[PDB]
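First up is the structure itself, then whatever we jot down about it.
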Amino acid sequence: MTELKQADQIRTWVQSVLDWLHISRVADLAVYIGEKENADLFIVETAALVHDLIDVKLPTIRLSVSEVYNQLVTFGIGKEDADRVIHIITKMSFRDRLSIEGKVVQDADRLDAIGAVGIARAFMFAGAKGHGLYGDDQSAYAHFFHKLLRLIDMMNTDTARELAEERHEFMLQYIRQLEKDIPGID
Amino acid sequence: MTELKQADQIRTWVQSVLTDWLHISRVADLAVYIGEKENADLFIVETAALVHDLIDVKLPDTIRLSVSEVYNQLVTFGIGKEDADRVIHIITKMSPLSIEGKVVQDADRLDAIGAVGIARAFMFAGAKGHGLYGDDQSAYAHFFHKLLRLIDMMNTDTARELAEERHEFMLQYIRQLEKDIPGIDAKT
Ligand code: NI
Ligand code: NI
């Protein structure tokens, strides 16, 4: 099982390149969902680990599709697995953006944007970008209704839909409470 | 009402100075609510709540006021010397406190817990480049080290009651993180 070795190298590489905590969470989740959805677990974990490397959001860090490709083949990963990972990540991040493995990776990514973890990230992002808690259309509170509260209805697989239900319900109890703590938050 | 007009004056001033205001507005509403239940002087409570942050070291240097600047503006705005002195004694102590000072302190701490405290913790982490969890500067660490202890330091019966709901909700939020992120407590 050389795939253990290869998976471990990608983790170190990615951790090096770079948040890592998001990537790690998404990979753990992708592996879990992929197992229940009969996807290729190597592909799903690997795609999860590198799903952010080619994004335009990242500054000096952003890698090219071929840089990522070359690194995987350099680690000894096969052409077909490297090709399939690239098809996943390149299908996932272009401006204004499936197979079993692609759907699982996307689901994992989206699950990480809801629930208690999703709420944390929403407020973290707002803090980083100088945005308000509420009071603006760019605020974190607004983004729950613009985006986060709809994600459950866009999940690809039965397994991700299952996991979503609990995370979605909790975000709702969170919003209800926030609205109670701050009357006129809207 | 002369005090209604003075509070509205102070409100517009503070909002103009800080131009954070949302925190101050929430703290003033909470403080007046507690103050009324506790039979504290409501004008002093509201005024202190409104100016409680203006001298705080955490404000940037382009905005932060000296104590004399706060004092002078209050007096110009028509607050009497004695009331103005009371307000100054509260905010310099915050940055035993008086009865009104304890009410303001409680309101300020209430805003740091519950659903609103959760949001604020994560916003701060994002502002300072700190992680969600995984080290001692992380938001998660900050819950254990500081925010989960605030309920023990509430001054008033009214605040203590309000803090129980908020604290318990924050405990539910932690439980949810622990569930969704296996190993979160040990993660680095
Ligand atoms: Ni992602
Ligand atoms: Ni404050």
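None of the figures in this text is laboratory data; all of them are computed from the coordinates on show. Heads up, the Cβs are rebuilt from the backbone with ideal geometry, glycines too, and the neighbour counts pull from every protein chain shown.
Could you list B:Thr92, B:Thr19, B:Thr156 so that the one with the fewest beta carbons within 10 Å of its beta carbon is first and the one with the most is last?
Fewest to most other Cβ atoms nearby, the residues stand as B:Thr19, B:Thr92, B:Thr156.
Identify, among B:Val17, B:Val87, B:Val32, the residue whose Cα sits farthest towards the positive end of the charge dipole of chain B, taking +1 on the Cβ of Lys and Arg and -1 on the Cβ of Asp and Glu, with the dipole about the Cα centre.
Working it through, the farthest residue towards the positive pole turns out to be B:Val17.
For region B:7-18, what does the Karplus curve 6.51 cos²θ - 1.76 cosθ + 1.60, with θ = phi - 60°, yield as ³J(HN,Hα) per residue in whole Hz, taken in order and with x for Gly and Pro?
Values, residue by residue: 4, 5, 4, 5, 4, 5, 4, 4, 4, 5, 4, 7 Hz.
Hey, what's the Kirkwood Rh for region A:93-186 if you take every pair of different alpha carbons, in angstrom? Provide the component values of the computation, followed by the final result.
Working: mean 1/r = 0.0707 Å⁻¹.
For region A:93-186, inverting the mean 1/r across all distinct Cα pairs yields 14.1 Å.
Just checking the output field for B:6-18: average partner chain Cβ neighbours within 10 Å of each residue's Cβ?
Values: counts 0, 0, 0, 0, 0, 0, 0, 0, 0, 0, 0, 0, 0.
Across B:6-18, the average partner-chain Cβ count within 10 Å equals 0.
Where the only charges are on Cβ atoms (+1 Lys, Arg; -1 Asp, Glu), what is the dipole of region A:93-186 about its Cα centre, to the nearest 20 debye?
The calculated dipole for region A:93-186 is roughly 260 debye.
Can you give the convex hull volume of the alpha carbon atoms of region B:1-94 per residue, in Å³?
Residue-normalised Cα hull volume stands at 94 Å³.
Report, in listed order, any pair from B:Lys58/B:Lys128; B:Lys37/B:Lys146; B:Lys58/B:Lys93; A:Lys5/B:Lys179; A:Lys147/B:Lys179 with a Cα-Cα distance greater than 18 Å. The partial results should precede the final answer.
Numbers: B:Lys58/B:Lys128 13 Å; B:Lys37/B:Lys146 27 Å; B:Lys58/B:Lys93 16 Å; A:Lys5/B:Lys179 29 Å; A:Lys147/B:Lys179 23 Å.
B:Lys37/B:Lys146; A:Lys5/B:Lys179; A:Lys147/B:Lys179, as the Cα separations exceed 18 Å there.
What share of all Cα pairs of chain A, in percent, falls into each consecutive 5 Å distance bin?
1, 8, 16, 19, 19, 14, 11, 7, 4, 2, 1, 0
Hey, any idea what Rg/Rh is for region A:72-114, computing Rh the Kirkwood way over Cα pairs?
1.04
Shielding of B:175-184 by partners, i.e. mean partner chain Cβ atoms within 10 Å per residue?
Details: counts 1, 10, 5, 1, 5, 13, 10, 2, 1, 3.
Mean shielding count: 5.
Which whole-angstrom value gives the distance between the alpha carbon centres of region A:155-182 and region A:83-104?
Cα centroid to Cα centroid, the span is 26 Å.
Got a sec? How would A:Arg161, A:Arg110 order by Cβ neighbour count within 10 Å, fewest to most?
A:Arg161, A:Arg110
How are the Cα pair distances of the protein assembly as shown distributed, in percent, across 10 Å bins from 0?
Reading upward from the zero bin: 5, 21, 27, 20, 13, 9, 4, 1, 0.
Most exposed first by the Cβ proxy, i.e. fewest other Cβ within 10 Å, how do B:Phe77, A:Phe123, A:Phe42 rank? Each step should come with its number before you reach the end.
Numbers: B:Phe77 15, A:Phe123 26, A:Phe42 21.
Result, fewest neighbours first: B:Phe77, A:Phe42, A:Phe123.
Taking the Cα centre of region B:39-118 as origin and charging only Cβ (+1 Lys, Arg; -1 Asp, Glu), how large is the dipole, in debye to the nearest 20?
Values: 7 positive and 13 negative charges, 32 e Å.
With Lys and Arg at +1 and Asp and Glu at -1, about 160 debye.
Could you compute the FRET efficiency for B:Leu4 and B:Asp136, with r as their C-beta to C-beta distance and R0 at 51 Å, rounded to 0.05? Write out the running numbers ahead of the final one.
Values: r = 46 Å, r/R0 = 0.91.
Once the sixth-power term is evaluated, E becomes 0.65.
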